[PDB]
Structure formats: C-alpha cells, structure tokens
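Engineer: Got a structure for you, written out below as structure tokens; questions coming shortly.
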Amino acid sequence: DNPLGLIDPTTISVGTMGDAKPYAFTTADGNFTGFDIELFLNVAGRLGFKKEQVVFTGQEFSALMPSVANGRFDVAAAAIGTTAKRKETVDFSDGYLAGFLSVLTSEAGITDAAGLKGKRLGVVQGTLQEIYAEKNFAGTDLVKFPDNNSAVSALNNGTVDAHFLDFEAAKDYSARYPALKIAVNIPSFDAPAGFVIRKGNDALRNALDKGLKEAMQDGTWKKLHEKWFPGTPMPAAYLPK
Ligand SMILES: NC(=O)CC[C@H](NC[C@H](O)[C@@H](O)[C@H](O)[C@H](O)CO)C(=O)O
Ligand SMILES: [Ca+2]
C-alpha cells in the first residue's frame with residue numbers, strides 16, 4: 001500500500017535547490033547535499049527509506065511550494081521559512097532551524113539598514129527576504145533574481161549594491177568572494193525552516209515530525225548543525241532534552 005501518500009510508494013521525491021549552500025546545494029558531481037538535505041535523509045531513514053530511495057530535484061525557490069501543492073514532489077526541503085501565508089498553500093513539518101536574514105554587500109558597501117535607502121538590493125523571487133524588504137525597506141530599489149548565484153554575480157559586477165539572502169548562504173558567499181561582507185542581520189525566528197508537504201498529507205507530516213524530534217533528541221541534529229554551520233549558536237529547543 002501507500003500509508004505516506006507518496007507519488008510512488010517506494011520512493012520519496014524531494015524538491016530542493018542547487019544554490020542555497022550550506023542549507024541545500026549541489027556538489028561538483030551534481031549530488032544534493034547540505035544541512036537540510038542531510039537532515040531530511042536522516043529523517044527519511046527513520047521513516048524506512050534508504051538514501052537510494054530519496055530523489056532530489058533542483059528548482060528555483062519560487063517553484064518549490066507550487067510544485068508540492070501541484071503534486072510534482074512529495075516534500076520540499078530548502079530552508080523554507082514557516083509562515084501563515086505559506087500555510088495557506090502547503091503544510092509544514094515542525095521547525096528545524098531558526099536564524100537571520102542577511103544583507104550581503106561589497107567591501108566598501110552599506111554599513112546598516114539605513115544605508116539601504118535609495119540603493120539597489122537584490123532578492124530571490126518568492127523568498128521571505130522579498131516580503132521583508134517590501135515591508136521594512138521602503139525606498140530601496142528591489143532587484144528580483146531567479147536565484148542566489150545570479151544575484152551574487154550582479155553584486156560582484158556592481159549591478160546591485162547588496163543582496164538579501166539567508167545568513168548561512170551570505171556567510172558562505174563571503175567566504176567564496178572575500179571582498180563580500182554581511183552588513184545587516186534581520187531576525188527570522190518567527191519563520192523557522194520546515195519541510196513542506198502537500199495540504200493536508202497528515203501521515204507524511206506526522207512521520208516527518210517524529211523523525212525530526214528523534215534526530216534532535218539523539219544529537220543527530222546537533223552533529224549536522226556543527227558540520228554545516230560552524231560557529232552558529234544552537235538553541236536548547238533543537239538539542240537533546
Ligand atoms: N532561498 C531559500 O532557500 C529560502 C529563503 C528563506 N528562508 C528563510 C529561513 O527559513 C529563515 O526564516 C530561518 O529562520 C532560518 O535562518 C533558516 O531556515 C525563505 O523561506 O524564503
Ligand atoms: Ca534581473
């Protein structure tokens with residue numbers, strides 16, 4: 001049978017993204033990796049699904065939740081912030097990561113949120129960054145990008161003054177392009193990352209939640225967090241109790 005309500009009962013089809021390093025990304029061989037991928041794989045194993053039974057498809061961020069809602073994938077995993085607005089379209093698992101939205105700029109760029117008034121700020125279409133900047137960065141010219149790589153290329157070229165993306169990805173790009181630096185950190189603890197599932201696949205949602213709680217309780221979450229986000233604080237909520 002099919003208790004988890006999957007497209008194929010023998011395989012879990014996961015929608016993800018290739019350029020949200022270190023949450024979710026492709027290595028040079030094309031394989032999907034990163035914290036969110038390794039955490040999902042660990043949770044999927046607890047559900048009785050081996051690595052070979054989980055298939056990852058890379059999509060632009062804006063395509064992920066409509067793809068799950070339209071039955072193209074069973075799950076979506078790509079640091080997808082849990083919000084009321086997104087809960088109208090899709091269901092979410094319990095939160096597994098809460099952190100900052102970050103403004104990445106050039107070596108002689110912006111210093112604070114005030115510095116963004118009248119500047120060109122890059123954003124990935126469909127992200128929480130795009131909503132935040134529309135509500136809190138009025139006067140900043142928002143330049144929409146399909147993904148992080150194109151936005152960083154524009155930032156490196158001087159097309160845009162800054163780029164608004166997730167903290168760990170901003171941190172990763174500042175390591176890959178040493179001239180880049182994080183100028184502003186905005187709290188996004190009210191929107192923790194959750195695995196996205198079809199409205200309302202209660203079986204898969206409850207199964208994902210159980211696997212997540214287990215991975216946090218046995219220190220698996222802690223181990224992956226230490227591996228992918230070195231130096232980032234881990235709250236007691238996601239650590240063993
Ligand atoms: N580009 C992406 O993959 C996702 C970007 C963006 N992530 C927001 C995060 O989920 C943020 O709210 C979290 O608190 C945390 O820092 C990482 O999941 C979003 O959901 O739109
Ligand atoms: Ca553009």
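We name chains A, B, ... following the order of the structure tokens; residues begin at 1 in each chain, and ligands are numbered from 1 as shown.
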Within 10 Å of ligand 2, counting only C-alpha atoms and all ligand atoms: which residues, as a ChimeraX atom specification?
Structural biologist: /A:122-124,142-147,150-151,154,159-160
Engineer: Within 7 Å of ligand 1, which residues of chain A come that close, and what is the closest atom pair and distance in Å for each? Count only C-alpha atoms and all ligand atoms and give it as a Markdown table.
Structural biologist:
| residue | atom | partner | partner_atom_place_in_ligand_line | distance |
| --- | --- | --- | --- | --- |
| A:17 | CA | ligand 1 | 3 (O) | 6.9 |
| A:20 | CA | ligand 1 | 3 (O) | 5.5 |
| A:61 | CA | ligand 1 | 1 (N) | 5.9 |
| A:78 | CA | ligand 1 | 3 (O) | 4.6 |
| A:79 | CA | ligand 1 | 18 (O) | 3.8 |
| A:80 | CA | ligand 1 | 20 (O) | 3.7 |
| A:81 | CA | ligand 1 | 10 (O) | 3.2 |
| A:82 | CA | ligand 1 | 10 (O) | 6.8 |
| A:97 | CA | ligand 1 | 18 (O) | 5.0 |
| A:98 | CA | ligand 1 | 14 (O) | 3.5 |
| A:99 | CA | ligand 1 | 16 (O) | 3.4 |
| A:100 | CA | ligand 1 | 16 (O) | 4.7 |
| A:101 | CA | ligand 1 | 16 (O) | 6.3 |
| A:124 | CA | ligand 1 | 1 (N) | 6.8 |
| A:126 | CA | ligand 1 | 21 (O) | 6.5 |
| A:127 | CA | ligand 1 | 21 (O) | 3.2 |
| A:128 | CA | ligand 1 | 21 (O) | 3.9 |
| A:129 | CA | ligand 1 | 21 (O) | 6.2 |
| A:165 | CA | ligand 1 | 5 (C) | 6.4 |
| A:166 | CA | ligand 1 | 5 (C) | 5.8 |
| A:167 | CA | ligand 1 | 16 (O) | 6.3 |
| A:188 | CA | ligand 1 | 14 (O) | 4.3 |
| A:189 | CA | ligand 1 | 14 (O) | 4.8 |
| A:190 | CA | ligand 1 | 14 (O) | 7.0 |
| A:191 | CA | ligand 1 | 12 (O) | 4.3 |
| A:192 | CA | ligand 1 | 14 (O) | 4.3 |
| A:193 | CA | ligand 1 | 18 (O) | 3.9 |
Engineer: Could you take the residues named above and write them with N, CA, C and O atoms, as a compact mmCIF listing (two decimals), in the first residue's frame?
Structural biologist:
# COMPACT_ATOMS: atom_id res chain seq x y z
N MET A 17 16.94 22.95 -3.84
CA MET A 17 17.62 23.91 -4.71
C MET A 17 19.13 23.69 -4.74
O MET A 17 19.71 23.16 -3.79
N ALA A 20 21.67 27.07 -2.45
CA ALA A 20 21.39 27.65 -1.13
C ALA A 20 22.43 27.05 -0.18
O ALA A 20 22.08 26.57 0.90
N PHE A 61 13.73 28.69 -6.14
CA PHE A 61 12.96 28.77 -4.90
C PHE A 61 11.46 28.99 -5.13
O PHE A 61 10.66 28.24 -4.56
N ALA A 78 14.44 23.19 1.58
CA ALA A 78 15.38 24.25 1.13
C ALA A 78 15.32 25.47 2.06
O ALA A 78 15.11 26.60 1.57
N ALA A 79 15.50 25.27 3.41
CA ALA A 79 15.40 26.34 4.42
C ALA A 79 14.09 27.17 4.24
O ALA A 79 14.12 28.40 4.25
N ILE A 80 12.97 26.48 3.99
CA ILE A 80 11.66 27.12 3.74
C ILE A 80 11.04 27.61 5.04
O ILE A 80 10.57 26.82 5.85
N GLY A 81 11.12 28.91 5.26
CA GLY A 81 10.56 29.56 6.44
C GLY A 81 9.08 29.33 6.58
O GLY A 81 8.36 29.44 5.59
N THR A 82 8.63 28.92 7.80
CA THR A 82 7.23 28.63 8.10
C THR A 82 6.50 29.91 8.42
O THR A 82 6.87 30.63 9.35
N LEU A 97 15.20 24.88 12.15
CA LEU A 97 16.26 25.88 12.07
C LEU A 97 15.65 27.27 12.11
O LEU A 97 14.70 27.53 11.37
N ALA A 98 16.14 28.12 13.00
CA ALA A 98 15.67 29.49 13.18
C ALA A 98 16.88 30.42 13.22
O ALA A 98 17.80 30.22 14.00
N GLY A 99 16.89 31.42 12.35
CA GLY A 99 18.04 32.30 12.31
C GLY A 99 17.79 33.66 11.70
O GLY A 99 16.73 34.26 11.89
N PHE A 100 18.82 34.19 11.02
CA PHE A 100 18.78 35.54 10.46
C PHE A 100 18.68 35.63 8.95
O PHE A 100 19.19 34.77 8.23
N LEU A 101 18.06 36.72 8.46
CA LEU A 101 18.04 37.08 7.05
C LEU A 101 19.21 38.08 7.01
O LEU A 101 19.39 38.81 7.98
N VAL A 124 15.83 37.10 -4.05
CA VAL A 124 15.41 35.94 -4.83
C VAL A 124 13.89 35.95 -4.82
O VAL A 124 13.28 36.09 -3.76
N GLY A 126 10.16 35.17 -4.61
CA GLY A 126 9.40 34.27 -3.76
C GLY A 126 9.91 34.06 -2.35
O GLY A 126 9.27 33.35 -1.58
N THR A 127 11.04 34.65 -1.98
CA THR A 127 11.59 34.42 -0.63
C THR A 127 10.98 35.37 0.40
O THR A 127 10.33 36.34 0.02
N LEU A 128 11.21 35.09 1.69
CA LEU A 128 10.81 35.91 2.83
C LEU A 128 11.54 37.25 2.78
O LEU A 128 10.97 38.25 3.20
N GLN A 129 12.77 37.27 2.26
CA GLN A 129 13.62 38.46 2.03
C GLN A 129 12.86 39.46 1.15
O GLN A 129 12.90 40.66 1.42
N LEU A 165 19.69 37.60 1.47
CA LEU A 165 19.57 36.15 1.46
C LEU A 165 19.71 35.57 2.87
O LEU A 165 19.84 36.34 3.82
N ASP A 166 19.61 34.24 3.03
CA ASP A 166 19.72 33.62 4.34
C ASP A 166 21.14 33.72 4.90
O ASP A 166 22.11 33.63 4.13
N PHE A 167 21.26 33.95 6.22
CA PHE A 167 22.56 34.14 6.91
C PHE A 167 23.65 33.14 6.50
O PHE A 167 24.74 33.56 6.13
N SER A 188 14.71 36.21 11.97
CA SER A 188 13.66 35.47 11.27
C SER A 188 13.31 34.21 12.06
O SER A 188 13.05 33.16 11.49
N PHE A 189 13.29 34.35 13.39
CA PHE A 189 12.98 33.29 14.36
C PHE A 189 11.50 32.91 14.39
O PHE A 189 11.15 31.82 14.85
N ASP A 190 10.64 33.82 13.90
CA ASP A 190 9.19 33.65 13.80
C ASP A 190 8.82 32.81 12.55
O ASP A 190 7.66 32.42 12.38
N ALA A 191 9.82 32.52 11.70
CA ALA A 191 9.66 31.72 10.49
C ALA A 191 10.74 30.60 10.42
O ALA A 191 11.53 30.55 9.47
N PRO A 192 10.76 29.63 11.38
CA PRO A 192 11.76 28.56 11.30
C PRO A 192 11.59 27.71 10.04
O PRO A 192 10.48 27.61 9.52
N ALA A 193 12.68 27.10 9.55
CA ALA A 193 12.63 26.22 8.38
C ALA A 193 11.81 25.00 8.74
O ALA A 193 11.94 24.48 9.84
Engineer: Just want the 10 Å neighbourhood of residue 25 (chain A), counted on only C-alpha atoms, with same-chain residues fewer than 2 positions away dropped. Output as JSON, numbers by chain.
Structural biologist: {"A": [16, 17, 18, 19, 20, 21, 22, 23, 27, 28, 30, 31, 32, 33, 34, 35, 36, 37, 58, 78]}
Engineer: Quick one: residues within 7 Å of residue 14 (chain A), only C-alpha atoms counted, chain neighbours fewer than 3 positions away excluded, as a ChimeraX atom specification?
Structural biologist: /A:55-57,73-77
Engineer: List as a list in words the protein and nucleic acid residues near residue 43 (chain A), meaning an atom at most 7 Å away when only C-alpha atoms are counted, but skip any in the same chain fewer than 4 places from it.
Structural biologist: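 Surrounding residues, per the criterion: residues 39, 47, 208, 211 and 212 of chain A.
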Engineer: Taking C-alpha atoms for each residue, export the selection above as a PDB file, in the first residue's frame.
Structural biologist:
ATOM      1  CA  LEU A  39      18.744  16.182   7.910  1.00  0.00           C
ATOM      2  CA  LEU A  47      10.562   6.517   8.052  1.00  0.00           C
ATOM      3  CA  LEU A 208       8.440  13.804   9.349  1.00  0.00           C
ATOM      4  CA  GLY A 211      11.851  11.676  12.656  1.00  0.00           C
ATOM      5  CA  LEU A 212      12.782  15.306  13.377  1.00  0.00           C
TER       6      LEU A 212
END
Engineer: Hey, can you check how far CA of residue 113 (chain A) sits from CA of residue 138 (chain A)?
Structural biologist: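 Computed distance, CA of residue 113 (chain A) to CA of residue 138 (chain A), equals 10.7 Å.
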Engineer: Please compute the CA of residue 85 (chain A)-CA of residue 196 (chain A) distance, one decimal, in Å.
Structural biologist: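 Taking CA of residue 85 (chain A) as the start and CA of residue 196 (chain A) as the end point, the length is 13.1 Å.
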Engineer: Each residue of region 52-151 of chain A lying at most 9 Å from region 175-184 of chain A should get a row with its shortest atom-to-atom pair and the distance in Å to one decimal, counting only C-alpha atoms; could you produce that, ordered by chain and increasing number, as a tab-separated table?
Structural biologist:
residue	atom	partner	partner_atom	distance
A:101	CA	A:184	CA	8.3
A:102	CA	A:184	CA	5.6
A:103	CA	A:184	CA	5.0
A:104	CA	A:182	CA	4.4
A:105	CA	A:181	CA	5.5
A:106	CA	A:180	CA	4.6
A:107	CA	A:179	CA	5.0
A:108	CA	A:179	CA	8.7
A:109	CA	A:183	CA	8.2
A:110	CA	A:183	CA	6.3
A:111	CA	A:183	CA	5.2
A:112	CA	A:184	CA	5.7
A:113	CA	A:184	CA	6.3
Engineer: Mind dumping the selected residues with N, CA, C and O atoms as a tab-separated table (two decimals), in the first residue's frame?
Structural biologist:
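Printed below is selection_5.tsv as written:
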chain	number	residue	atom	x	y	z
A	101	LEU	N	18.06	36.72	8.46
A	101	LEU	CA	18.04	37.08	7.05
A	101	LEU	C	19.21	38.08	7.01
A	101	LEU	O	19.39	38.81	7.98
A	102	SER	N	20.06	38.03	5.98
A	102	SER	CA	21.26	38.84	5.94
A	102	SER	C	21.42	39.61	4.65
A	102	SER	O	21.10	39.10	3.57
A	103	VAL	N	21.94	40.83	4.79
A	103	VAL	CA	22.24	41.72	3.68
A	103	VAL	C	23.75	41.59	3.44
A	103	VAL	O	24.55	41.95	4.31
A	104	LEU	N	24.11	41.05	2.28
A	104	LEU	CA	25.48	40.82	1.84
A	104	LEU	C	25.85	41.98	0.91
A	104	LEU	O	25.09	42.30	-0.01
A	105	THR	N	26.97	42.63	1.15
A	105	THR	CA	27.41	43.77	0.32
A	105	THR	C	28.90	43.66	-0.01
A	105	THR	O	29.57	42.77	0.52
A	106	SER	N	29.39	44.56	-0.89
A	106	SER	CA	30.78	44.68	-1.32
A	106	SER	C	31.63	45.30	-0.19
A	106	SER	O	31.07	45.92	0.72
A	107	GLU	N	32.97	45.16	-0.28
A	107	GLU	CA	33.98	45.63	0.70
A	107	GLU	C	33.81	47.09	1.15
A	107	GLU	O	34.07	47.38	2.32
A	108	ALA	N	33.38	47.98	0.24
A	108	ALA	CA	33.16	49.39	0.53
A	108	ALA	C	31.66	49.77	0.42
A	108	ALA	O	31.32	50.93	0.17
A	109	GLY	N	30.78	48.78	0.65
A	109	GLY	CA	29.34	48.97	0.55
A	109	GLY	C	28.67	49.57	1.77
A	109	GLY	O	29.26	50.36	2.51
A	110	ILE	N	27.40	49.19	1.96
A	110	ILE	CA	26.48	49.58	3.03
A	110	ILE	C	26.99	49.13	4.43
A	110	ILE	O	27.74	48.15	4.53
A	111	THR	N	26.61	49.86	5.50
A	111	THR	CA	27.04	49.54	6.87
A	111	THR	C	25.88	49.10	7.78
A	111	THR	O	26.10	48.33	8.72
A	112	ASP	N	24.64	49.59	7.49
A	112	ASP	CA	23.41	49.36	8.26
A	112	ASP	C	22.14	49.41	7.38
A	112	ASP	O	22.22	49.78	6.21
A	113	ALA	N	20.95	49.07	7.97
A	113	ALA	CA	19.66	49.11	7.26
A	113	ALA	C	19.34	50.49	6.68
A	113	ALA	O	18.76	50.56	5.59
Engineer: CA of residue 140 (chain A) and CA of residue 170 (chain A) are how many Å apart?
Structural biologist: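 CA of residue 170 (chain A) lies 19.2 Å from CA of residue 140 (chain A).
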Engineer: Using only C-alpha atoms, can you tell me which of A:89, A:95, A:194, A:119 comes closest to residue 238 (chain A)?
Structural biologist: A:95
Engineer: Quick check for you: according to DSSP on this backbone, which residues of region 15-228 of chain A are classed as strand (DSSP E)? Reply as a PyMOL selection string.
Structural biologist: chain A and resi 15-16+19-20+24-26+32-33+54-58+75-76+91-92+100-105+120-124+141-145+162-166+181-187+196-197
Engineer: Pick out the closest residue to residue 215 (chain A) from this set: A:6, A:12, A:44, A:121. Count only C-alpha atoms.
Structural biologist: A:44
Engineer: Quick one: residues within 9 Å of region 198-204 of chain A, only C-alpha atoms, excluding same-chain residues fewer than 3 positions away - as a list in words?
Structural biologist: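 Everything that qualifies: residues 3, 4, 5, 6, 65, 68, 69, 70, 71, 73, 74, 75, 87, 88, 89, 90, 91, 92, 93, 207, 208 and 209 of chain A.
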Engineer: If you run DSSP over the backbone, which residues in region 43-235 of chain A end up helix (DSSP H, G or I)? Put them as a compact mmCIF listing (two decimals) with C-alpha atoms, in the first residue's frame.
Structural biologist:
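File written: selection.txt
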# COMPACT_ATOMS: atom_id res chain seq x y z
CA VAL A 43 14.59 11.65 8.93
CA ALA A 44 13.65 9.66 5.74
CA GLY A 45 15.78 6.72 7.06
CA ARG A 46 13.72 6.72 10.31
CA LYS A 51 19.36 7.17 0.61
CA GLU A 52 18.82 5.37 -2.77
CA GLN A 53 15.00 5.72 -2.21
CA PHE A 61 12.96 28.77 -4.90
CA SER A 62 9.68 30.31 -6.31
CA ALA A 63 8.82 26.92 -7.95
CA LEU A 64 9.11 24.71 -4.79
CA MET A 65 5.84 25.24 -2.89
CA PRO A 66 3.63 25.38 -6.11
CA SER A 67 5.36 22.06 -7.19
CA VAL A 68 4.43 20.35 -3.89
CA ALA A 69 0.85 21.82 -4.00
CA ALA A 84 0.88 31.81 7.94
CA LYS A 85 0.89 32.97 4.24
CA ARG A 86 2.67 29.75 3.09
CA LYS A 87 0.46 27.55 5.38
CA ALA A 113 19.66 49.11 7.26
CA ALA A 114 19.54 52.98 6.94
CA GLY A 115 22.28 52.78 4.27
CA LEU A 116 19.83 50.82 2.03
CA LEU A 128 10.81 35.91 2.83
CA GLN A 129 13.62 38.46 2.03
CA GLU A 130 11.41 39.75 -0.86
CA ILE A 131 8.42 40.19 1.61
CA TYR A 132 10.63 41.70 4.44
CA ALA A 133 12.26 44.29 2.13
CA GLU A 134 8.81 45.30 0.74
CA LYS A 135 7.51 45.85 4.34
CA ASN A 136 10.65 47.24 6.12
CA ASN A 148 21.39 33.37 -5.34
CA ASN A 149 24.15 32.72 -7.90
CA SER A 150 22.74 35.31 -10.41
CA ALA A 151 22.20 37.84 -7.57
CA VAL A 152 25.81 37.36 -6.26
CA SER A 153 27.13 37.71 -9.87
CA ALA A 154 25.26 41.06 -10.14
CA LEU A 155 26.66 42.10 -6.68
CA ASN A 156 30.23 41.17 -7.82
CA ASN A 157 29.68 43.03 -11.17
CA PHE A 167 22.56 34.14 6.91
CA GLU A 168 24.43 30.86 6.28
CA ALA A 169 24.32 31.39 2.48
CA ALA A 170 25.51 35.04 2.92
CA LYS A 171 28.32 33.66 5.18
CA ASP A 172 29.25 31.04 2.50
CA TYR A 173 29.34 33.64 -0.37
CA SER A 174 31.51 35.99 1.76
CA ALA A 175 34.00 33.07 2.17
CA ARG A 176 33.92 32.28 -1.64
CA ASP A 202 -1.23 14.25 7.77
CA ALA A 203 0.55 10.83 7.60
CA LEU A 204 3.79 12.19 5.99
CA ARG A 205 3.64 15.36 8.19
CA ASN A 206 3.35 13.30 11.44
CA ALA A 207 6.08 10.89 10.16
CA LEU A 208 8.44 13.80 9.35
CA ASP A 209 7.73 15.41 12.79
CA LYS A 210 8.57 12.10 14.60
CA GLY A 211 11.85 11.68 12.66
CA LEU A 212 12.78 15.31 13.38
CA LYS A 213 12.06 15.01 17.14
CA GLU A 214 14.15 11.77 17.20
CA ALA A 215 17.11 13.33 15.29
CA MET A 216 17.10 16.32 17.69
CA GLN A 217 16.80 14.07 20.79
CA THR A 220 21.91 13.93 15.10
CA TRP A 221 20.56 17.49 14.51
CA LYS A 222 23.40 18.89 16.71
CA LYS A 223 26.03 16.91 14.70
CA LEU A 224 24.70 18.11 11.28
CA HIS A 225 24.38 21.71 12.61
CA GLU A 226 28.03 21.63 13.86
CA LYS A 227 29.16 20.23 10.47
CA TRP A 228 27.30 22.67 8.15
Engineer: Could you tell me which of A:15, A:187, A:158, A:219 comes closest to residue 241 (chain A) if we count only C-alpha atoms?
Structural biologist: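 Of all the options, A:219 lies closest to residue 241 (chain A).
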